[PDB]
Amino acid sequence: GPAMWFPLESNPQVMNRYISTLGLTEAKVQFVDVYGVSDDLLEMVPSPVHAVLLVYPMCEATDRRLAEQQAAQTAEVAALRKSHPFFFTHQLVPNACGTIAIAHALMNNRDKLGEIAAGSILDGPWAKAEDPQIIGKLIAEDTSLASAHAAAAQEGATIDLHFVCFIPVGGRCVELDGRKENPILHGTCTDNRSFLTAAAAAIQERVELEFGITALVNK
(Lines give C-alpha, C1' and ligand atoms only; values in the text may rest on other atoms or scores of the structure.)
Protein backbone atom coordinates (compact mmCIF):
# COMPACT_ATOMS: atom_id res chain seq x y z
CA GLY A 1 0.00 0.00 0.00
CA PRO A 2 1.04 3.71 0.04
CA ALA A 3 2.92 3.52 3.33
CA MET A 4 4.97 0.36 2.90
CA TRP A 5 7.33 0.12 -0.07
CA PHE A 6 9.19 -2.85 -1.53
CA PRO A 7 12.87 -2.95 -0.47
CA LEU A 8 15.44 -1.65 -2.95
CA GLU A 9 18.50 -3.95 -3.16
CA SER A 10 22.07 -2.63 -3.13
CA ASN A 11 22.92 -3.07 -6.83
CA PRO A 12 24.84 -0.30 -8.65
CA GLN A 13 23.46 -1.14 -12.12
CA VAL A 14 19.89 -0.94 -10.83
CA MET A 15 20.76 2.22 -8.91
CA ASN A 16 22.36 3.84 -11.98
CA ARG A 17 19.29 3.18 -14.14
CA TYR A 18 17.14 4.47 -11.27
CA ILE A 19 18.93 7.82 -10.96
CA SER A 20 18.44 8.21 -14.70
CA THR A 21 14.68 7.63 -14.20
CA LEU A 22 14.63 10.19 -11.32
CA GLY A 23 15.68 12.88 -13.83
CA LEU A 24 19.47 12.73 -14.44
CA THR A 25 19.42 12.95 -18.24
CA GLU A 26 23.14 12.51 -18.76
CA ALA A 27 24.48 11.36 -15.43
CA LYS A 28 28.07 12.46 -14.75
CA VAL A 29 28.04 10.27 -11.61
CA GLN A 30 27.45 6.59 -11.03
CA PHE A 31 27.27 4.09 -8.26
CA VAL A 32 29.95 1.37 -8.06
CA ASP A 33 30.54 -1.48 -5.65
CA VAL A 34 32.95 -1.12 -2.74
CA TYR A 35 34.23 -4.64 -2.11
CA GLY A 36 35.12 -4.18 1.58
CA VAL A 37 36.67 -1.92 4.19
CA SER A 38 40.31 -3.05 4.18
CA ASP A 39 42.92 -0.64 2.84
CA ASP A 40 43.41 -3.05 -0.06
CA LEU A 41 39.75 -2.98 -1.10
CA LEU A 42 39.44 0.79 -0.47
CA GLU A 43 42.35 1.45 -2.82
CA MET A 44 40.23 -0.09 -5.60
CA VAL A 45 37.49 2.52 -5.10
CA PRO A 46 37.59 5.33 -7.75
CA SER A 47 38.50 8.81 -6.57
CA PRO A 48 36.89 11.15 -5.68
CA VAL A 49 34.10 9.46 -3.70
CA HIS A 50 31.13 11.83 -3.33
CA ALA A 51 29.18 9.52 -0.99
CA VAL A 52 29.32 6.05 0.54
CA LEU A 53 26.11 4.04 0.70
CA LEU A 54 25.65 1.13 3.09
CA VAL A 55 22.97 -1.47 3.57
CA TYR A 56 23.34 -3.30 6.86
CA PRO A 57 21.29 -5.33 9.36
CA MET A 58 20.67 -3.52 12.63
CA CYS A 59 21.85 -5.19 15.80
CA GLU A 60 20.77 -3.97 19.23
CA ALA A 61 24.42 -3.15 19.99
CA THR A 62 24.71 -0.97 16.88
CA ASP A 63 21.40 0.79 17.73
CA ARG A 64 22.75 1.36 21.26
CA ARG A 65 25.98 3.00 20.09
CA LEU A 66 23.94 5.24 17.77
CA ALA A 67 21.74 6.39 20.64
CA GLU A 68 24.83 7.44 22.63
CA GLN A 69 26.32 9.23 19.58
CA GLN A 70 23.06 11.08 19.05
CA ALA A 71 23.03 12.10 22.72
CA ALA A 72 26.69 13.17 22.77
CA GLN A 73 26.41 15.21 19.57
CA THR A 74 23.26 17.37 19.62
CA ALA A 75 25.17 20.62 20.06
CA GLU A 76 27.85 19.88 17.46
CA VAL A 77 25.28 18.67 14.92
CA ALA A 78 23.26 21.88 15.32
CA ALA A 79 26.45 23.91 14.81
CA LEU A 80 27.39 21.95 11.68
CA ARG A 81 23.94 22.50 10.07
CA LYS A 82 24.65 26.26 10.27
CA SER A 83 28.36 26.26 9.46
CA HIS A 84 28.26 23.84 6.51
CA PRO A 85 24.62 23.37 5.48
CA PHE A 86 23.60 19.99 4.10
CA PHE A 87 20.49 18.06 3.02
CA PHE A 88 18.95 15.67 5.55
CA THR A 89 15.50 14.07 5.43
CA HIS A 90 13.64 11.72 7.71
CA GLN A 91 12.26 8.46 6.31
CA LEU A 92 8.54 8.21 7.07
CA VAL A 93 7.80 5.08 4.93
CA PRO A 94 9.07 1.55 5.77
CA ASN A 95 11.50 0.23 3.10
CA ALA A 96 11.87 3.67 1.49
CA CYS A 97 15.44 3.69 2.79
CA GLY A 98 17.28 2.83 -0.43
CA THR A 99 15.66 5.84 -2.07
CA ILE A 100 16.34 8.10 0.96
CA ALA A 101 19.99 7.06 0.83
CA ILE A 102 20.20 7.78 -2.89
CA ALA A 103 18.39 11.12 -2.29
CA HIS A 104 20.90 11.97 0.42
CA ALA A 105 23.81 11.20 -1.92
CA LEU A 106 22.47 13.11 -4.89
CA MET A 107 21.07 16.18 -3.12
CA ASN A 108 24.34 16.66 -1.21
CA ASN A 109 26.24 16.62 -4.53
CA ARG A 110 23.99 18.60 -6.92
CA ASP A 111 27.07 20.32 -8.39
CA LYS A 112 28.37 16.96 -9.65
CA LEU A 113 25.25 15.44 -11.17
CA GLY A 114 24.77 16.95 -14.61
CA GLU A 115 21.46 18.23 -15.90
CA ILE A 116 18.22 17.54 -14.05
CA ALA A 117 15.38 17.16 -16.57
CA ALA A 118 12.64 19.77 -16.22
CA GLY A 119 9.53 18.02 -14.92
CA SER A 120 11.39 15.04 -13.41
CA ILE A 121 11.08 13.66 -9.90
CA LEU A 122 14.34 15.42 -9.06
CA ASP A 123 12.75 18.68 -10.26
CA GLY A 124 9.79 17.95 -8.03
CA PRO A 125 8.34 19.83 -5.02
CA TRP A 126 10.30 17.87 -2.40
CA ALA A 127 13.54 18.42 -4.31
CA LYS A 128 13.12 22.17 -4.42
CA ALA A 129 12.03 22.12 -0.79
CA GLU A 130 14.57 23.10 6.06
CA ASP A 131 13.17 20.56 8.56
CA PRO A 132 13.71 16.78 8.03
CA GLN A 133 10.11 15.95 9.03
CA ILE A 134 8.57 18.27 6.46
CA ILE A 135 10.87 17.14 3.65
CA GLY A 136 10.40 13.56 4.84
CA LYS A 137 6.62 13.96 4.55
CA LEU A 138 6.81 15.25 0.97
CA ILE A 139 9.15 12.44 -0.06
CA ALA A 140 6.96 9.82 1.58
CA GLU A 141 3.93 11.26 -0.28
CA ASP A 142 5.39 11.62 -3.78
CA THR A 143 3.56 9.01 -5.81
CA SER A 144 5.92 9.38 -8.80
CA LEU A 145 8.86 8.67 -6.54
CA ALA A 146 7.07 5.71 -4.96
CA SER A 147 6.33 4.27 -8.42
CA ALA A 148 9.91 4.72 -9.66
CA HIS A 149 11.24 3.13 -6.46
CA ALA A 150 8.93 0.16 -6.97
CA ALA A 151 10.16 -0.39 -10.50
CA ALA A 152 13.83 -0.14 -9.39
CA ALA A 153 13.21 -2.50 -6.49
CA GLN A 154 11.58 -5.04 -8.80
CA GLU A 155 14.53 -4.88 -11.22
CA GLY A 156 16.81 -5.95 -8.37
CA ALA A 157 14.50 -8.72 -7.15
CA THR A 158 14.91 -12.46 -7.69
CA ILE A 159 16.68 -9.09 9.99
CA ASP A 160 15.94 -5.33 9.87
CA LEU A 161 18.02 -4.03 6.95
CA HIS A 162 18.87 -0.38 6.88
CA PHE A 163 20.27 1.70 4.05
CA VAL A 164 22.30 4.83 4.93
CA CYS A 165 24.55 7.45 3.31
CA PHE A 166 27.93 8.81 4.47
CA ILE A 167 29.08 12.26 3.23
CA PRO A 168 31.93 14.63 4.16
CA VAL A 169 30.72 17.83 5.87
CA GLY A 170 33.00 20.40 7.52
CA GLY A 171 35.85 18.00 8.28
CA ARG A 172 33.58 15.21 9.53
CA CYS A 173 32.28 11.94 8.13
CA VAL A 174 28.52 12.34 8.49
CA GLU A 175 25.96 9.48 8.40
CA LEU A 176 22.50 10.31 7.10
CA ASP A 177 20.05 7.75 8.44
CA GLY A 178 16.47 8.76 7.80
CA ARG A 179 15.47 6.42 10.66
CA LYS A 180 17.38 8.62 13.18
CA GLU A 181 16.46 12.01 14.56
CA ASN A 182 19.78 13.64 13.73
CA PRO A 183 22.71 13.10 11.37
CA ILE A 184 25.37 11.04 13.06
CA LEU A 185 28.97 12.27 13.28
CA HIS A 186 31.75 9.72 12.86
CA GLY A 187 35.48 10.27 12.30
CA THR A 188 37.14 13.54 11.28
CA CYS A 189 38.57 13.97 7.81
CA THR A 190 40.61 16.57 5.93
CA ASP A 191 40.55 15.29 2.33
CA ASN A 192 38.47 12.92 0.21
CA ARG A 193 40.66 9.87 0.84
CA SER A 194 40.50 10.38 4.60
CA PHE A 195 36.71 10.70 4.32
CA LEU A 196 36.63 7.23 2.68
CA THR A 197 38.81 5.94 5.51
CA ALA A 198 36.43 7.46 8.09
CA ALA A 199 33.33 6.00 6.41
CA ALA A 200 35.06 2.61 6.15
CA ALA A 201 36.01 2.74 9.84
CA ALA A 202 32.41 3.43 10.84
CA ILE A 203 31.24 0.51 8.67
CA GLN A 204 33.94 -1.86 9.97
CA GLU A 205 32.81 -1.20 13.56
CA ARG A 206 29.36 -2.67 12.72
CA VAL A 207 30.71 -5.54 10.58
CA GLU A 208 32.14 -6.67 13.94
CA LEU A 209 28.78 -6.63 15.75
CA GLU A 210 26.09 -9.36 4.94
CA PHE A 211 26.80 -5.70 4.27
CA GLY A 212 26.34 -3.96 0.92
CA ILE A 213 28.67 -0.98 0.30
CA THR A 214 28.51 1.28 -2.76
CA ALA A 215 30.07 4.62 -3.60
CA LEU A 216 28.90 7.52 -5.70
CA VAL A 217 31.76 8.43 -8.06
CA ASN A 218 32.24 10.35 -11.32
CA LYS A 219 31.16 8.82 -14.61
Side-chain angles (χ1 to χ4, degrees), residues 1-15 18-19 31 33-37 51-74 77 87-108 126 131-142 145-167 173-187 198-216:
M4 195 174 193
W5 293 5
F6 298 113
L8 178 53
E9 283 210 60
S10 179
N11 176 322
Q13 285 204 0
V14 166
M15 298 157 79
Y18 188 36
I19 61 171
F31 288 99
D33 286 303
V34 175
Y35 295 134
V37 290
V52 176
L53 267 67
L54 167 77
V55 61
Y56 80 100
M58 186 55 78
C59 71
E60 160 270 286
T62 279
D63 199 65
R64 188 73 60 249
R65 186 56 186 124
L66 287 168
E68 298 158 28
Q69 287 174 295
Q70 289 212 64
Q73 290 171 2
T74 53
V77 166
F87 171 78
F88 178 55
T89 183
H90 285 148
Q91 172 183 343
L92 297 195
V93 187
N95 297 321
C97 54
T99 283
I100 298 307
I102 292 168
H104 277 142
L106 295 185
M107 292 306 270
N108 281 293
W126 68 268
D131 140 78
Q133 271 296 301
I134 179 254
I135 294 174
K137 163 222 165 56
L138 286 162
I139 288 179
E141 287 172 349
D142 176 349
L145 182 56
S147 296
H149 170 107
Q154 186 170 265
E155 284 180 0
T158 50
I159 308 290
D160 139 48
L161 280 181
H162 201 39
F163 230 129
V164 304
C165 176
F166 300 87
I167 56 165
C173 175
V174 177
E175 173 183 8
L176 310 172
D177 185 344
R179 291 201 60 233
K180 298 312 183 187
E181 187 55 46
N182 270 5
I184 307 288
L185 310 181
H186 299 276
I203 293 162
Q204 180 184 351
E205 174 179 299
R206 322 180 168 173
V207 165
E208 306 154 15
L209 254 185
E210 321 187 13
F211 285 45
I213 319 165
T214 59
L216 187 65

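Numbers here are sequence positions counted from 1.
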- Between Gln91 and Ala96, which heavy-atom pair has the shortest distance, and what is it? NE2-N, 3.7 Å
- All ring-ring contact (aromatic ring centres under 6.0 Å, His included) counterparts of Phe88, not counting sequence neighbours: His90, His104
- Query: Is there a side-chain contact between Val55 and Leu8, using heavy atoms and a 4.5 Å cut-off?
  - Reply: no
- Note: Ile167 and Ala51 closest approach over all heavy atoms is CG2-CB, 4.0 Å
- Item | Side-chain heavy-atom pair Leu92, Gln133 within 4.5 angstrom cut-off | yes
- Separation between CG of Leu53 and CD1 of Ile100, rounded to the nearest 0.5 Å: 11.5 Å
- How long is the span from the OG1 atom in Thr89 to the CH2 atom in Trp126, to the nearest 0.5 Å? 8.5 Å
- Task: I would like to know whether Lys180 and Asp63 meet side chain to side chain contact (heavy atoms under 4.5 Å, CB included); could you show each step before the answer?
- Result: CA-CA 10 Å; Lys180 298 312 183 187; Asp63 199 65; 2.6 Å; yes
- Task: Quick one: pull up CE in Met15 and CG in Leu216 and give me the separation to the nearest 0.5 Å.
- Result: 8.5 Å
- Can you tell me how far the CH2 atom of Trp5 sits from the NE2 atom of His149, to the nearest 0.5 Å? 6.0 Å
- Message: If you compare all heavy atoms of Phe163 against all heavy atoms of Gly98, which two are closest, and at what distance to 0.1 Å?
- Response: CD1-CA, 3.5 Å
- Task: Could you grab the distance from atom SG of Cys173 to atom CD1 of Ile203, nearest 0.5 Å is fine?
- Result: 8.0 Å
- Note on the structure: Looking only at heavy atoms, the pair that brings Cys59 and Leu209 closest together is SG-C, 3.7 Å
- Backbone N or O of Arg179 within a donor-acceptor pair of the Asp177 side chain at under 3.5 Å? yes
- Note on the structure: All heavy atoms of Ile159 vs all of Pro57, minimum pair found to be CG2-CB, 4.1 Å
- Task: Flag the pair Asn108 / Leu176 as yes when at least one side-chain heavy-atom distance between them is below 4.5 Å, and no otherwise.
- Result: yes
- Message: Strictly distance-based, threshold 3.5 Å: is any side-chain N or O of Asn95 a donor or acceptor partner for the main-chain N or O of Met4?
- Response: no
- Distance (rounded to the nearest 0.5 Å) between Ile184 CD1 and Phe166 CZ: 9.5 Å
- Task: Would you name the heavy atoms of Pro183 and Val77 that are closest together and state the gap between them?
- Result: O-CG2, 3.6 Å
In a table with atom names and distances, give each donor-acceptor pair under 3.5 Å that connects a side chain of residues 64-72 to protein atoms at least two apart or in another chain.
unit_1 : atom_1 : unit_2 : atom_2 : d
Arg64  : NH2    : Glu60  : OE2    : 3.3
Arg65  : NH1    : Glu68  : OE1    : 3.4
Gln69  : NE2    : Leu185 : O      : 3.4
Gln70  : OE1    : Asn182 : N      : 3.0

- Message: For the CZ atom on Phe6, are there more than 12 heavy atoms of other groups (residues, nucleotides or ligands in this structure) within a distance under 6.0 Å?
- Response: no
